[PDB]
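Rule-based calculations on the coordinates, nothing more; no lab input. FYI the Cβ positions are ideal-geometry reconstructions off the backbone, even for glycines, and counts take in every protein chain you see.
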Amino acid sequence: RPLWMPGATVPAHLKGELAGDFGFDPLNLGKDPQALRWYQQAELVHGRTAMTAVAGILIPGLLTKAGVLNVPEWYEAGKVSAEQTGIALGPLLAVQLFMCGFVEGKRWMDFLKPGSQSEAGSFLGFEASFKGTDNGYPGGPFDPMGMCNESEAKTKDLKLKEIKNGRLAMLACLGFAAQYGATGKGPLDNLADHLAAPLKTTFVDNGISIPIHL
Amino acid sequence: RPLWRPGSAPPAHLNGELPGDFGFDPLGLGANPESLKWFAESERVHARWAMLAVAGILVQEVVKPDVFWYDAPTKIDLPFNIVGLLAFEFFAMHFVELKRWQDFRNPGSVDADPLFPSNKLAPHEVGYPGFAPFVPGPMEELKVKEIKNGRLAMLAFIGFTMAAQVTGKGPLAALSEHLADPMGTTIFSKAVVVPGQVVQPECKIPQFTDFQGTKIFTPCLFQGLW
Amino acid sequence: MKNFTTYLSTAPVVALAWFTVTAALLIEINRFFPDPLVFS
Amino acid sequence: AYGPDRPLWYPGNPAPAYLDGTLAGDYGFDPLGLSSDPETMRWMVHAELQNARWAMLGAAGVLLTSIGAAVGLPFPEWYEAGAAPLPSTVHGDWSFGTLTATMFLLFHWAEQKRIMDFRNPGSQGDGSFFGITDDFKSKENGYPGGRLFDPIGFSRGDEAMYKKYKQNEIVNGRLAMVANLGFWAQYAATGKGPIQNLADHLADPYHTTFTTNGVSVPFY
Amino acid sequence: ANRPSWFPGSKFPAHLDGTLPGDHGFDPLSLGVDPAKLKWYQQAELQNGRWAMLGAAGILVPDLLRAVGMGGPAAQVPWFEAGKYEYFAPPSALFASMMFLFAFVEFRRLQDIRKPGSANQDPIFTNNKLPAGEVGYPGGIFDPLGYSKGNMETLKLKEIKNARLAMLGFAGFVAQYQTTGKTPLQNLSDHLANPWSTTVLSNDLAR
Amino acid sequence: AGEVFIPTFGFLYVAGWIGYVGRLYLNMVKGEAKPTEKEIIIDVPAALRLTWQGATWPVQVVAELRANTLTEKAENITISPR
Ligand code: CLA
Ligand SMILES: CC1=C[C@H](O)CC(C)(C)[C@H]1/C=C/C(C)=C/C=C/C(C)=C/C=C/C=C(C)/C=C/C=C(C)/C=C/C1=C(C)C[C@H](O)CC1(C)C
Ligand SMILES: CC1=C[C@H](O)CC(C)(C)[C@H]1/C=C/C(C)=C/C=C/C(C)=C/C=C/C=C(C)/C=C/C=C(C)/C=C/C1=C(C)C[C@H](O)CC1(C)C
Ligand SMILES: CCCCCCCCCCCCC/C=C/[C@H](O)[C@H](N)CO
């Protein structure tokens, strides 16, 4: 089985089953089966959220830097949209919290009790759809085009593609924040500046990554 | 079996089957059988390339004694642009080298005309494609002549290059300079390293030789260790 | 060496090492970043 | 070496039990029982097969650049060959910070694979890196034979030549390590760099010793 | 003793046995090792190829007519400029209309990749229907000249080869225009003038 | 915030890190042969394999509260006569 590091000792609770099980639990965090299950759902949610966010920071930018759109920088769009829409931060956030809270509540209870949201009579007409299939995979209303119903090996491929792309997107978001935090420019700007003089424009030569006093 | 040093004992790996075996592996390089098989292909390829080269350097000095073989490229007018000549040369050599290597990898696989399957080279030994329209004498005898001639040529080339770095002329001009003052043109007569002194021959090759407006770095082989 | 390393593992020796490293770290930190009153 | 009656370090004194004589360049020399532990021996053997190999390359450089600078060839002496301007690159210009980071980055990858195989033999030979397997295996601790590390096949060939070659490596490596301390200590006393120190000692051999250099012997 | 090899003297990939048309044993990155994927990837070669054969004949032709002068001002427009060229409706309307049109043909064709032999039937006219055919080779009305009897096998090994060449052709046109910034025929003429100095290397070196 | 506030969490994180790593080691040597001789002659190897495990101590500590494993049952702790 592919491992995060060749020769690394596979833990024990990480038996090839979860999508992306490369045997990486150095600090034995997922030792508890319940903890591992919650962490698995947490990972999927983190990856999916990051993938749908880095796509909203890179894609819109690459097209702005190609003249197609005019979207502002991810670290400036917030203010631009606030002054554009006119909605006050407070009201905008509060509404979002309530809507996100309700959807999170349903998913949360579905974990606490698997396939429980499909209670007879709960969500008017739809409870059935709110059943769920496996931990972080609410098949049905989600995955409408039925791509995870083709075979039992297209599921295991499409699921390794979600996790590897997610893990990458999650690290990409951390990078974008750190890049702007140190460089003070957009991600594309950083990449372009690096490709210009690759051997003279790195995190070392930024002034913030390593405060070299000596 | 003639040995490189009469009275020596040939290393076990050299039982002697390869043409031109003289039990010469002082450092035991071809100890690995597969390694020896590769080195064998390298020896033949090096010799054949060197044999053509040495001959060309000598001829290009009888016909056109002016252009120096070392700087010939910068002293000759290519009918085609170097970029174009290099491009064609790369693809041409790449094709022959690939088929040539594939035979060494899997013997008897590329022994056929890919464009015309009707044409097919007869079964042959690796290192010997099969192009033998004329073989003047026993194949093994001619094989020994090819390796002995090739080994001599390879040594001659290094001599051509080093002589071209110590002196600033080609093989014929250098030999004449020797024939003129035999006891005062030898390397000993032009370079001596004493326990305290270090006389090294001057490098007659400019560190960088400009070519068509592009200065080409031309270093004197280990000019520091002469 | 198995028994020398055992001695270098005894509580008094390990504590002497751990503390020396921790102390030196704080000393070196103030040496390059002096007067750290606030996290700014 | 490579014998029960192998020549020893202090003729007479018996050799240590852990030092049987198999290990390359074994002369039974461990006065402070540093390698009393068998696992310690393996680690110490690997470490020596690491310091000596780097030391050998380093000595080859301090001698080649030095020989050049003495003959005249523009070559900065080992001590001043760091302040020398970094050369440009097709990609761009080199920066000291990037250079150090790149040097450590690449080293971390190789060191990890080497140590991981050292801790778990054959771990690297799992076709994980582009299918390379046996080439990523280790013939012996400190001997990573293969078709990528021993291309010519000295290890794959006559074992006697391999064993002899192993002794050459250990003895030459130990000499290079000692030589390197010289290059550094002669510099931090003479301030001239080797091949100039060999040249001064061959011009006035009797009045150009360590005793007459100011730093070595303080009173003299 | 088997099919032609992309590189004579090399072994055939295990998954590539020769069943597929044009199976010259070429999958170095092992992209189509998965048989299920080999099936999708195969159909994608056909569709991507057939569309590129039309794309290459849709660029070389207009330029050929323009060069001869036979082509009208429309042909005088370079393919990489036809987008700006006016016609009757704005670029948006044309794209939207072609989308709706494509949705029907594409979905109807997919019904055949998903359930092979389940789309061959005129919806409006029950009487009209295509005969049984390999997924990817519709036949029937899609073969009006009835060439589906005369050596289908070698006419199919003629399509894949032409398709692969046409696909590399459309790559060359874009790449040459990406660097040279000229029409394909212009680049070809630039070569046939000084061919030993207008090579990509010389051009990129000059850049 | 840089004064007292932010510094507060910083100490709490390291404090819990030190405490969590300590309990991890204690509960590993418990059981192991003579647990009393691994407190005087500390097992520096295993002590060095548990130090980094306390980096994500908050995540592991909570997972233990929400699993009833951080504390001991009241009927297994000796208590002084009332
Ligand atoms: C794993 C080591 C460890 C841990 C996790 C704890 C944890 C705790 N101690 Mg405690 N303690 C320890 C060691 C430890 N102690 C030692 C060695 C001593 C002797 C000096 C004491 C003496 C002590 C007293 C007198 C009291 C506590 C109290 C407490 C509780 C209050 C929380 C607090 O602020 O800590 C408090 C910690 C201290 C006051 C001193 C200990 C601080 C040391 C430096 C930490 C131990 C590090 C350890 C050596 C690491 C081992 C690593 C291993 C690999 C070798 C708490 C649960 C209080 C309590 O009972 O609450 C009700 C209290 O009254 N401790
Ligand atoms: C469910 C459903 C239903 C049915 O079934 C169908 C359908 C519809 C299809 C489905 C859907 C799905 C989805 C949504 C998906 C998504 C995806 C994504 C977005 C990904 C991303 C993904 C993403 C990612 C990876 C990311 C990446 C990024 C990166 C690398 C970055 C990098 C960088 C950094 C850091 C910084 C600098 O300065 C710059 C750079 C250099 C640039
Ligand atoms: C097989 C293999 C295997 C191994 O493993 C790996 C590897 C090697 C990678 C692989 C390979 C692959 C490849 C090569 C692929 C390719 C593809 C292509 C190129 C396609 C085309 C494709 C192409 C195409 C479609 C084309 C298209 C086009 C079109 C529609 C149109 C256009 C135009 C024209 C007419 C003219 C006008 O005025 C304008 C327009 C309108 C604009
Ligand atoms: C464009 C990048 C192409 C990289 C070159 C080919 C991909 C290399 C992937 C390495 C994966 C292991 C190498 C091969 C392993 C064997 O075929 C089996 N799959 C593993 O035993």
Counting only residues that are outside any helix (DSSP H, G or I), within 12 Å of chain B (Cβ to nearest Cβ) and not acidic (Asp, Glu), the stretch D:149-186 contains a total of 7
Restricting the stretch E:180-198 to residues that are in a helix (DSSP H, G or I) and out of contact with any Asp or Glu (no Cβ under 7 Å at 6 or more places or on another chain), the one farthest from the other protein chains (Cβ to nearest Cβ) turns out to be E:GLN186
Going through (1) part of a loop (DSSP other than H, G, I, E, B); (2) farther than 23 Å from D:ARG53 by Cβ; (3) within 14 Å of another protein chain (Cβ to nearest Cβ) one by one, D:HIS207 fails only at (3)
Within the stretch A:35-76, residues being closer than 24 Å to A:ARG1 by Cα and not aromatic (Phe, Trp, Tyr) number 9
Q: With respect to D:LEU63, determine if the residue is closer than 30 Å to D:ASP200 by Cβ and either touching a residue at least 12 places away in the same chain (Cβ under 8 Å) or in contact with a strand residue (DSSP E or B) (Cβ under 9 Å, 6 or more places away or on another chain) (or both).
A: yes
The residue from E:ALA14, E:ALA36, E:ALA44 that alone is without any contact (Cβ under 8 Å) to a residue 40 or more places away in the chain, within 16 Å of ligand 4 (Cβ to nearest atom) and of a type in the set (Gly, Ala, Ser) is E:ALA14
Worksheet item: Looking at this structure, is A:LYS164 away from ligand 3 (no atom under 16 Å from the Cβ) and surrounded by 15 or more Cβ atoms within 10 Å (Cβ to Cβ)?
Response: no
- Message: Within the stretch D:62-76, does at least one residue satisfy the condition of being over 30 Å from D:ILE115 (Cα atoms), part of a loop (DSSP other than H, G, I, E, B) and more than 11 Å from every other protein chain (Cβ to nearest Cβ)?
- Response: yes
* Taking A:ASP193 as the residue in question, decide whether it is within 14 Å of another protein chain (Cβ to nearest Cβ) and of a type outside the set (A, V, I, L, M, F, W, C). => yes
Log entry, pairs with first residue in the stretch B:79-99 being within 8 Å of chain E (Cβ to nearest Cβ), second being surrounded by fewer than 11 Cβ atoms within 10 Å (Cβ to Cβ), beta carbons closer than 8 Å, six or more apart or on different chains, reads B:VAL83/E:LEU205
Within the stretch E:32-59, residues being more than 16 Å from ligand 2 (Cβ to nearest atom) and over 15 Å from E:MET167 (Cβ atoms) number 8
Looking across the stretch B:178-198 at residues that are in a loop (DSSP other than H, G, I, E, B) and within 14 Å of chain D (Cβ to nearest Cβ), the single one that is farthest from D:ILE195 (Cα to Cα) is B:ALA191
Note on B:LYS215: of the conditions (1) assigned to a strand (DSSP E or B); (2) exposed (fewer than 15 other Cβ atoms within 10 Å of the Cβ); (3) in contact (Cβ under 8 Å) with a residue 60 or more places away in the chain, unmet is (3)
Expected output for the stretch C:7-26 (first residue facing another protein chain (nearest Cβ under 9 Å), partner charged (D, E, K, R) and away from ligand 3 (no atom under 16 Å from the Cβ), Cβ below 9 Å, 6+ apart or cross-chain) is C:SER9/F:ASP43; C:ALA11/F:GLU39
ask   = Does B:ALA174 satisfy the criteria of being touching a helix residue (DSSP H, G or I) at 6+ places or on another chain (Cβ under 7 Å), on the phi < 0 side of the Ramachandran plot and assigned to a helix (DSSP H, G or I)?
value = yes
Reported set for the stretch E:5-46 where residues are polar (S, T, N, Q) and within 11 Å of ligand 3 (Cβ to nearest atom) is E:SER30, E:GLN42
- Message: On the basis of being among the aliphatic types (A, V, I, L, M) and over 26 Å from D:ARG114 (Cβ atoms), does D:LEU198 make the cut?
- Response: yes
- Query: Any residue in the stretch F:39-52 that is closer than 23 Å to A:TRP38 by Cβ, free of Cβ contacts under 8 Å to residues at least 60 places away in the same chain and within 13 Å of the chain's Cα centre (by Cα)?
  - Reply: yes
Counted residues in the stretch D:19-41 being within 14 Å of chain C (Cβ to nearest Cβ), loosely packed, with under 15 Cβ neighbours inside 10 Å and assigned to a loop (DSSP other than H, G, I, E, B) come to 4
Scanning the stretch F:35-72 for residues that are among the charged types (D, E, K, R) and either within 16 Å of ligand 3 (Cβ to nearest atom) or under 16 Å from C:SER9 (Cα atoms) (or both) gives F:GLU37, F:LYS38, F:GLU39, F:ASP43, F:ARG49
Test for F:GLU37: is it among the charged types (D, E, K, R), within 11 Å of another protein chain (Cβ to nearest Cβ) and away from ligand 1 (no atom under 11 Å from the Cβ):
yes
Any chance the stretch B:18-32 includes a residue that's free of Cβ contacts under 8 Å to residues at least 12 places away in the same chain, hydrophobic (A, V, I, L, M, F, W, C) and part of a helix (DSSP H, G or I)?
yes
Of the residues in the stretch F:16-67, those that are closer than 20 Å to A:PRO11 by Cα and of a type in the set (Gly, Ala, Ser) come to F:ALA46, F:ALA47, F:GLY54, F:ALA55, F:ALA63
Considering every residue within the stretch D:125-146, establish whether at least one is more than 30 Å from A:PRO6 (Cα to Cα), surrounded by fewer than 17 Cβ atoms within 10 Å (Cβ to Cβ) and within 14 Å of chain B (Cβ to nearest Cβ). no
In the stretch D:97-124, residues that are among the hydroxyl-bearing types (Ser, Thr, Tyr), out of contact with any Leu (no Cβ under 8 Å at 6 or more places or on another chain) and surrounded by 15 or more Cβ atoms within 10 Å (Cβ to Cβ) total 1
Counted residues in the stretch A:6-27 being within 7 Å of another protein chain (Cβ to nearest Cβ) and either hydrophobic (A, V, I, L, M, F, W, C) or surrounded by fewer than 16 Cβ atoms within 10 Å (Cβ to Cβ) (or both) come to 1
Considering the stretch A:137-186, residues that are farther than 19 Å from A:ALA53 by Cα and among the small types (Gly, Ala, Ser), and then whichever is farthest from ligand 2 (Cβ to nearest atom), we arrive at A:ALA153
Practice problem: Determine whether F:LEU70 is within 14 Å of another protein chain (Cβ to nearest Cβ) and over 12 Å from the mean Cα position of the chain (by Cα). | Solution: no
Filtering the stretch A:127-169 for residues that are more than 15 Å from the chain's Cα centre (by Cα) and part of a helix (DSSP H, G or I) leaves a count of 11
